[PDB]
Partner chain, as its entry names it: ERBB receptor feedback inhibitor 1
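Only one chain is included here, represented as structure tokens and corresponding to the form solved without the partner chain.
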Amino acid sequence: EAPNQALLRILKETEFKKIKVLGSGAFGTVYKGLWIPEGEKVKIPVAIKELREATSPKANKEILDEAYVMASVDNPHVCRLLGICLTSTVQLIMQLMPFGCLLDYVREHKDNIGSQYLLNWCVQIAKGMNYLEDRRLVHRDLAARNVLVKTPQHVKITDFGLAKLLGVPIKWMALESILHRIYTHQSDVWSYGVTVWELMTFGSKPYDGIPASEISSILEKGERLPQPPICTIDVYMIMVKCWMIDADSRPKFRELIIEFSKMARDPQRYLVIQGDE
């Protein structure tokens, strides 16, 4: 309820440039580039995401609401918007993270990642998600690919709210989302569980070898992702709770922060990793 004095920067096309493509995703294409604020004598390296065309009817109405949220973010574990340009296309400008997404990071560094880092990442993601819940925003696409590494000890969530805006990731979705297209903070919790599984397996693909078309059927039969080799039952049990059919029986993000935080105080008790003494 304090005044929100975030800045919404509406950028002229001349105030930034795209220099090199970094990759593409469900929502658009990401480039490294420069932000060159008019009359300020500086140039700042940034990431720029050019959004794909919306399949949604009202998205042009909603783009600004989405910008407001991204601009407004004030949590260490959620990424923020630097500026937005709306012309022929919508382009989002934000800080450039040299260390990239968490999914690639765990795959690339698997031999070197220990229990403290893994648990801390769980806490941090939970913290960011809790913040988004406080703001009444449902992410709809939480996944390891949508977490960026600021430093190996500091990760931040991206891309919240774009799925709705733009109008699927079946393997990360709660059953109610798949069957009924219902999305809630509790559906986010299910995705959080899948995301944790991705981390704990050093970036394995969930349900690898099962076609997306079969996922709703297997879930209904009680199948769930398996216990990762490094995980004690204490960690895995939390992940399984995230995947309860009854959304209200799943943990709250605030509870998740607490549970992971406790385990992060003695990480070797809760994850068993070679060379992690």
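Numbering follows the first chain given and starts at 1.
The entry models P98 and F99 with no unmodelled deposited residue separating them. Judged by mean Cα B factor in the deposited record, 203-211 ranks above the other of 116-124 and 203-211. Of the two stretches examined, 128-136 and 192-200, the record assigns the greater average C-alpha temperature factor to 128-136. Of the candidates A174, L82, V155, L166, the deposited coordinates give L166 the top C-alpha B factor.
When the Cα B-factors of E50, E62, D234, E223 are read from the PDB record, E62 comes out highest. Among the modelled residues of its chain, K110 has a C-alpha B-factor that falls in the highest third, as given in the PDB entry. Ranked against the other modelled residues of its chain, the C-alpha B-factor of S187 as given in the entry falls in the lowest third. Sorting the modelled residues of the chain by their CA temperature factor places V73 in the highest third.
The entry lists a Cα temperature factor for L142 that places it in the lowest third of the chain's modelled residues.
Annotation for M239: CA B-factor lies in the lowest third of the chain's modelled residues.
Form deposited with the partner chain bound: not shown, discussed below.
Using a 4.5 Å cutoff between non-hydrogen atoms, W197 counts as a contact of the partner chain in the deposited complex. Heavy atoms of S187 never reach within 4.5 Å of the partner chain in the deposited complex, leaving it off the interface.
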